[PDB]
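Encoded as structure tokens, the structure appears first; notes follow it.
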Amino acid sequence: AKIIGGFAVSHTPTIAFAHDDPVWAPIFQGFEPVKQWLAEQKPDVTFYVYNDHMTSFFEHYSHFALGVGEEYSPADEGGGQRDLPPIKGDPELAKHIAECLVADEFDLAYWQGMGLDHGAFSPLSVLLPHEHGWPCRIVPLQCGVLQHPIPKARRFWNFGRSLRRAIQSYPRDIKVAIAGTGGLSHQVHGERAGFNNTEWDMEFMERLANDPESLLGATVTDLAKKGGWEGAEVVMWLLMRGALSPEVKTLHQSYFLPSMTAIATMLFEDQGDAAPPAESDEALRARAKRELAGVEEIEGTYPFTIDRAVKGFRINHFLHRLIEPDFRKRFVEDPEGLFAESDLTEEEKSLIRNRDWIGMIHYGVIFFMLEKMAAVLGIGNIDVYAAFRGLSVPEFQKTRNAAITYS
Amino acid sequence: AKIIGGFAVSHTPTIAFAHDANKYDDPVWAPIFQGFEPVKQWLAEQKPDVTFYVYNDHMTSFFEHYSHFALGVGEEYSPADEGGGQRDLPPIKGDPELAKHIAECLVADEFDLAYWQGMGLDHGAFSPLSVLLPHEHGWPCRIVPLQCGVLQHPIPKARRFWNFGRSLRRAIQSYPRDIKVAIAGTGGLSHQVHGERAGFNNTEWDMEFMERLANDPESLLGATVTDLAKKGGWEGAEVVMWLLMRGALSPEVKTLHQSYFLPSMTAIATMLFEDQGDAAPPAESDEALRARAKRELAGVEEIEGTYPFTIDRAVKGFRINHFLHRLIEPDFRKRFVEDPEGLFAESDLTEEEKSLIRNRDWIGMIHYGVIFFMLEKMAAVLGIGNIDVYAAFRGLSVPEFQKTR
Ligand SMILES: O=C(O)c1cc(O)c(O)c(O)c1
Ligand SMILES: [Fe+3]
Ligand SMILES: [Fe+3]
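The listed protein sequences derive, respectively, from chains A and B.
For the first sequence, the residue numbers in the entry's author numbering are 2 to 21, 27 to 413.
Yeah, the second sequence ends on 406 if you go by the entry's author numbering, and it's all consecutive.
Following this line, the structure appears as structure tokens:
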């Protein structure tokens, strides 16, 4: 129901690709006030805010890729699956966060089942215990910051500001953290690969808290030379900061600089809003539900919302692969062999095996994978439609005007 | 820079299937084509350089990562496999240059996007196009595909679509090169293709929606997702793409054409709008908006050894980045080490790009168009560490560079 505090933090895989020495030991002295903070707060969920580094987000690269999944494994980065356990996500808040962001005219993406890169699991292994599982659940906000144009900082900030109200409006009884993992100043590409600027580094750290609203004019240029090209990924801080309350109590403000990348921490504490906001919680939970309000009156109709997508993922994903000429070769030639290898539940295997079109719709299969399945089996859309209507094809064709078939 | 007009058409796979099975001749299907014919001819008469082309992918190229406004920035686009193999249609050229500039302007107008290359276009794009353009060995124009996530709710309010379109018009007019741009919105009208309600139509509503959209579009801007789905079937709610398109056209338009046919499940509809234009003068000027865009990368040229990753860059390096990207697939990277040559010969990579990989040529790759994180992968694959590549970026040696702090 409300947010408690939030941490900024470098995400360099130097933390990963080595640790899991006394040059490092009084830098974990920076990682202590965060690690301590995440055990004597006990967070239900962390709205994690990182950038994928061309690992899971390449060919399709978006600005705000909201993870909505059940859970997240580590991404193979060519250097191997990093030996860590899946961390659980929160579909139920993610759905709610999305609805509010949408009504406030923001533009999102939804993903699931894609591994996490160094932008996440590297500094997130060092800030949490990972024994046989993970302390808590995550809500990952992947940010497109490597392909320009990217959202303006003014924009990034407001997204936080919208998130602020959005999470605060989630009716359920929970306390939520925010991870805005970015930076700090550096550049890892080209001839000028090396530049740092700790005097910008310092002024930045300070200005984030004490006067953030004035940063909202910093062009991509204004963080390019100032703090290296990649170092500009700091816009992910302005959003974390955005959500967190106007005023904050900087429970720790560390900084060193070992290798390639400046490494810094900025844990704050949430207080509360600097005023009761121009729109109530009642006014924002109801509105977030405006576009689909009363859609449950509309019969024989199974809207594809985030909750349905999560339920339908394994099976949606499974029939998705009918696009692949091999997978669809195996699907016709050796379904059982194929299922035996899948991660589908027995009911999921049954729905497919029995060819229960209406069931899959009841279950959460979006029509469009049923479409491909039909095609693969050398059978048309009409068949699937008639099945939906408990009719025989010729009976359904009675309802049409013309009697065409196609796939 | 000249927006000639915009058209609206259904994108049912039944169109494609009628085109492919040459039912052009067939009494059921014949009149439906006579219906496309006036749009076809205008397209052939006006000869637009680029069609900015709005459509929804049908859980094909967008499934696991599903954005709302997915601009297509690529060199060219092919037909997606939809379970039965790619259609017989050559690729269609895109417009990277235009895509970039549009991207700049919408970004400034506080719209969040997505950029993509390489993936197939499904019946959303190719069903209608294959009947409106001659494709008997190229396509007469170029496309800027905009894929809209209208399938997985929450999706943007109908108003955001119109607003995207308005912002798009100026984004296109403000394009400072002299080309003819048509605009396309695809999908609907009434149809529902799922659940027990499937087979639902409403001609009365289709004919209303079409006329409002042509004559009083702002009337439709408060219509909710529940409203549109009750009226035109759940999937007919995709018509929010007709707004977007209509948004980008002159406030008043001249409707040259309309047709309607309901043979099966989908109201197969067509609209052709002649852009009137700046009958009213631009609320904000070309120069000032053009400036509001390039703005964020203002003066960024004057930073040395810094090759930033703009759309034009991602386009240039796509083949090599995609190739390097694939290092995360284990079967591939274990072949990169044992059988590098066999892999290059399998790949569509150029002979330049190839040599750049062989030569473990760190800085020319950054130069060419590769983003670092592709190399950061690549390095870790051959057992070489990160800090080496930085040494080579500086033209220095392993220990020589390690000096700073
Ligand atoms: O069954 C149909 O006519 C149909 C199928 C689709 O997959 C679709 O996107 C559409 O607009 C219509
Ligand atoms: Fe990063
Ligand atoms: Fe569609």
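For each residue, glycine too, the CB sits at the ideal point set by N, CA and C.
For this session: Mind checking which residues open and close the beta strand (DSSP E) that includes B:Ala-281?
Result: Locating residue 281 of chain B in the second sequence gives position 280, counting from the first residue. Premise fails: B:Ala-281 is in no beta strand (DSSP E) and is neither H nor E.
Exercise. Are the C-beta atoms of A:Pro-28 and some chain B residue less than 8 Å apart?
Worked result: Locating residue 28 of chain A in the first sequence gives position 22, counting from the first residue. No, its Cβ sits nowhere closer than 8 Å to a Cβ of chain B.
For this session: Closer than 8 Å by beta-carbon distance: list the chain B residues that pair up with A:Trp-117, in chain order.
Result: As a first step, residue 117 of chain A must be located in the first sequence, where it is residue number 111. Contact annotation for A:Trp-117 against chain B: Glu-65, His-66, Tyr-67 [CB-CB distance below 8 Å, chain order].
Problem set entry | Neighbourhood of A:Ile-364 by C-beta, 7 Å cutoff - its chain only, sequence neighbours within 5 removed | Here residue 364 of chain A refers to the residue found at position 358 of the first sequence. Counting only Cβ-Cβ distances below 7 Å, and skipping sequence neighbours, we find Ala-393, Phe-394.
Problem set entry | Which residues DSSP lists as bridging A:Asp-276, in chain order | One-based indexing of the first sequence puts residue 276 of chain A at position 270. In DSSP, A:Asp-276 forms a bridge with A:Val-254.
Exercise. Excluding five sequence neighbours on each side, which residues of the same chain lie with their C-beta closer than 7 Å to the C-beta of A:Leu-229?
Worked result: Working through the first sequence from its first residue, we reach residue 229 of chain A at position 223. Counting only Cβ-Cβ distances below 7 Å, and skipping sequence neighbours, we find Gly-237, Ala-238, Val-240.
Exercise. Is it the case that the CB of B:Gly-233 approaches a heavy atom of ligand 3 more closely than 7 Å?
Worked result: On the second sequence, residue 233 of chain B is found 232 positions in, with the first residue counted as 1. A distance criterion of 7 Å places the beta-carbon of B:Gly-233 beyond contact range of ligand 3, judged by its closest non-hydrogen atom.
Problem set entry | Distance CB(B:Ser-68)-CB(B:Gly-121) smaller than 8 Å | Position 67 of the second sequence holds residue 68 of chain B. Position 120 of the second sequence holds residue 121 of chain B. Judged by beta-carbon spacing, B:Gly-121 lies beyond the 8 Å limit of B:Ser-68, meaning their Cβ atoms are not closer than that value.
For this session: Locate the alpha helix (DSSP H) running through A:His-124, then write down its first and last residues.
Result: Working through the first sequence from its first residue, we reach residue 124 of chain A at position 118. Counting along the chain, the alpha helix (DSSP H) containing A:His-124 begins and ends at 124-131.
For this session: Identify the contact partners of A:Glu-305 in chain B, using a Cβ-Cβ distance below 9 Å as the criterion.
Result: If you number the first sequence from 1, residue 305 of chain A lands on position 299. Counting only Cβ-Cβ distances below 9 Å, A:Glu-305 has contacts in chain B at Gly-196, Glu-197, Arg-198, in chain order.
For this session: Determine the DSSP secondary structure at A:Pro-177, reduced to helix, strand or coil.
Result: As a position in the first sequence, residue 177 of chain A is number 171, starting the count at 1. If DSSP states are grouped into helix, strand and coil, A:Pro-177 belongs with coil.
For this session: Could you check the C-alpha separation between B:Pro-32 and B:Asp-21 for me, to the nearest Å?
Result: The residue labelled residue 32 of chain B in the question sits at position 31 within the second sequence. The residue labelled residue 21 of chain B in the question sits at position 20 within the second sequence. B:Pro-32 and B:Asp-21: Cα-Cα distance of roughly 16 Å.
Exercise. Given a threshold of 16 other Cβ atoms within 10 Å of its Cβ, counted over all protein chains shown, does B:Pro-309 qualify as buried or as exposed?
Worked result: For the purposes of this step, residue 309 of chain B is identified with residue 308 of the second sequence, where counting begins at 1. Around the beta carbon of B:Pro-309, a 10 Å sphere encloses 16 or more other beta carbons of the protein chains shown; the residue is thus reported as buried.
Exercise. Should the stretch 104-112 of chain A be called in touch with the stretch 48-62 of chain A, which here means at least 3 C-beta pairs below 8 Å?
Worked result: The stretch 104-112 of chain A vs the stretch 48-62 of chain A: no contact.
Exercise. Hey, how far is the Cα of B:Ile-304 from the Cα of A:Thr-227?
Worked result: Position 303 of the second sequence, counted from the start, is the residue given in the question as residue 304 of chain B. Position 221 of the first sequence, counted from the start, is the residue given in the question as residue 227 of chain A. Straight-line Cα distance between these residues: approximately 9 Å.
Exercise. Quick one: what's got a C-beta closer than 8 Å to A:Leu-214's C-beta in the same chain, skipping five residues either side?
Worked result: In the first sequence, the residue the question calls residue 214 of chain A occupies position 208. If we look at A:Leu-214 and ignore the five residues flanking it on each side, its Cβ neighbours are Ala-9, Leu-221, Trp-243, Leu-244, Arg-247, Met-272.
Problem set entry | Beta carbon of B:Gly-196 nearer than 8 Å to that of A:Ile-321 | Residue mapping note: residue 196 of chain B aligns to position 195 of the second sequence, counting from 1. Residue mapping note: residue 321 of chain A aligns to position 315 of the first sequence, counting from 1. A:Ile-321 sits away from B:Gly-196, with the two beta carbons spaced by 8 Å or more.
For this session: Within its chain, find whatever has a CB closer than 6 Å to the CB of A:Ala-249; leave out the 5 residues flanking it on each side and keep chain order.
Result: On the first sequence, residue 249 of chain A is found 243 positions in, with the first residue counted as 1. Cβ neighbours of A:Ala-249 beyond the five flanking positions: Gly-166, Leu-169, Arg-170, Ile-184.
Exercise. Roughly how many angstroms lie between the CA atoms of B:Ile-385 and B:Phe-319, to the nearest whole one?
Worked result: Taking the second sequence and counting its residues from 1, the one referred to as residue 385 of chain B is at position 384. Taking the second sequence and counting its residues from 1, the one referred to as residue 319 of chain B is at position 318. Approximately 24 Å between the Cα atoms of the pair.
For this session: Give a single yes or no on whether B:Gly-121 has its beta carbon closer than 7 Å to a heavy atom of ligand 3.
Result: Your numbering for residue 121 of chain B matches position 120 in the second sequence. B:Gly-121 has its Cβ no nearer than 7 Å to any heavy atom of ligand 3.
Exercise. Just by C-beta distance, which residues in the stretch 275-302 of chain A are closer than 8 Å to chain B?
Worked result: Those would be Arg-296, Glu-297, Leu-298, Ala-299, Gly-300, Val-301, in chain order.
Exercise. Among the residues of its own chain, which have a CB less than 6 Å from the CB of B:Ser-260, if the five just before and after it don't count?
Worked result: For the purposes of this step, residue 260 of chain B is taken as the residue at position 259 of the second sequence. Hits under 6 Å: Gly-36, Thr-271.
For this session: With a threshold of 7 Å, establish whether the CB of A:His-69 neighbours any heavy atom of ligand 2.
Result: Here residue 69 of chain A is taken as the residue at index 63 of the first sequence, counted from 1. For ligand 2, not one heavy atom lies less than 7 Å from the Cβ of A:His-69.
For this session: Could you tell me whether any Cβ in chain B is nearer than 8 Å to the Cβ of A:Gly-318?
Result: One-based indexing of the first sequence puts residue 318 of chain A at position 312. No - not a single Cβ of chain B is within 8 Å of the one on A:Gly-318.
Exercise. Roughly how many angstroms separate the alpha carbons of A:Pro-92 and A:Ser-79, rounded to a whole number?
Worked result: Residue numbering aside, residue 92 of chain A sits at position 86 when the first sequence is read from its first letter. Residue numbering aside, residue 79 of chain A sits at position 73 when the first sequence is read from its first letter. For A:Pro-92 and A:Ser-79, the gap between their C-alpha atoms comes out near 4 Å.
Exercise. So what does DSSP say about A:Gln-403, is it helix, strand or coil?
Worked result: Against the first sequence, residue 403 of chain A aligns to sequence position 397. Here A:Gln-403 sits in helix by DSSP.
Problem set entry | A:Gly-125: CB within 7 Å of a non-hydrogen atom of ligand 2 | For the purposes of this step, residue 125 of chain A is taken as the residue at position 119 of the first sequence. Within the cutoff, so yes.
For this session: For A:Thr-187, return the contacting residues in chain B, with the cut-off set at a CB-CB distance below 7 Å.
Result: If you number the first sequence from 1, residue 187 of chain A lands on position 181. Per Cβ cutoff of 7 Å: no residues; A:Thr-187 is ~16 Å from chain B at best.
Exercise. Quick one: is A:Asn-407 near chain B, going by C-beta distance under 8 Å?
Worked result: Here the question's residue 407 of chain A lines up with position 401 in the first sequence. Under the 8 Å criterion on CB atoms, A:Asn-407 is classed as interfacial with respect to chain B.
Problem set entry | Which listed residue (A:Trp-117, A:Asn-202, A:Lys-255) has its alpha carbon closest to that of A:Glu-212 | Numbered from its first residue, the first sequence carries residue 212 of chain A at position 206. With distances taken between Cα atoms, A:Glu-212 lies closest to A:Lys-255.
For this session: Return the chain-ordered list of same chain residues with a C-beta closer than 7 Å to the C-beta of B:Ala-126, the five sequence neighbours on each side being excluded.
Result: For the purposes of this step, residue 126 of chain B is identified with residue 125 of the second sequence, where counting begins at 1. Sequence-distant partners of B:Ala-126 (beyond 5 residues in either direction) whose C-beta falls short of 7 Å from its own C-beta, in its chain, are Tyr-54, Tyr-56, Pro-146.
Problem set entry | A:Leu-90 at chain B interface by Cβ criterion, 8 Å | Within the first sequence, the letter at position 84 stands for residue 90 of chain A. Closer than 8 Å to the CB of A:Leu-90 there is not a single CB belonging to chain B.
Problem set entry | Alpha carbon of B:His-258 to alpha carbon of B:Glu-209, nearest angstrom | Within the second sequence, the letter at position 257 stands for residue 258 of chain B. Within the second sequence, the letter at position 208 stands for residue 209 of chain B. Distance from the CA of B:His-258 to the CA of B:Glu-209, rounded to the nearest whole angstrom, comes to 15 Å.
Problem set entry | Where B:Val-55 sits in the DSSP three-state scheme | As a first step, residue 55 of chain B is located in the second sequence; it is residue number 54 there, counting from the start. The answer is strand: DSSP assigns B:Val-55 an E or B state.
Exercise. Is the Cβ-Cβ distance between B:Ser-128 and B:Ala-17 less than 8 Å?
Worked result: Position 127 of the second sequence, counted from the start, is the residue given in the question as residue 128 of chain B. Position 16 of the second sequence, counted from the start, is the residue given in the question as residue 17 of chain B. Yes, these two residues count as a Cβ contact at 8 Å.
Problem set entry | Residues that A:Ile-410 contacts on chain B, provided the C-beta gap is smaller than 9 Å | Counting from 1 along the first sequence, the entry for residue 410 of chain A is found at position 404. Within 9 Å Cβ-Cβ: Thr-15, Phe-18, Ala-19, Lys-24, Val-29, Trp-30, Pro-264, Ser-265.
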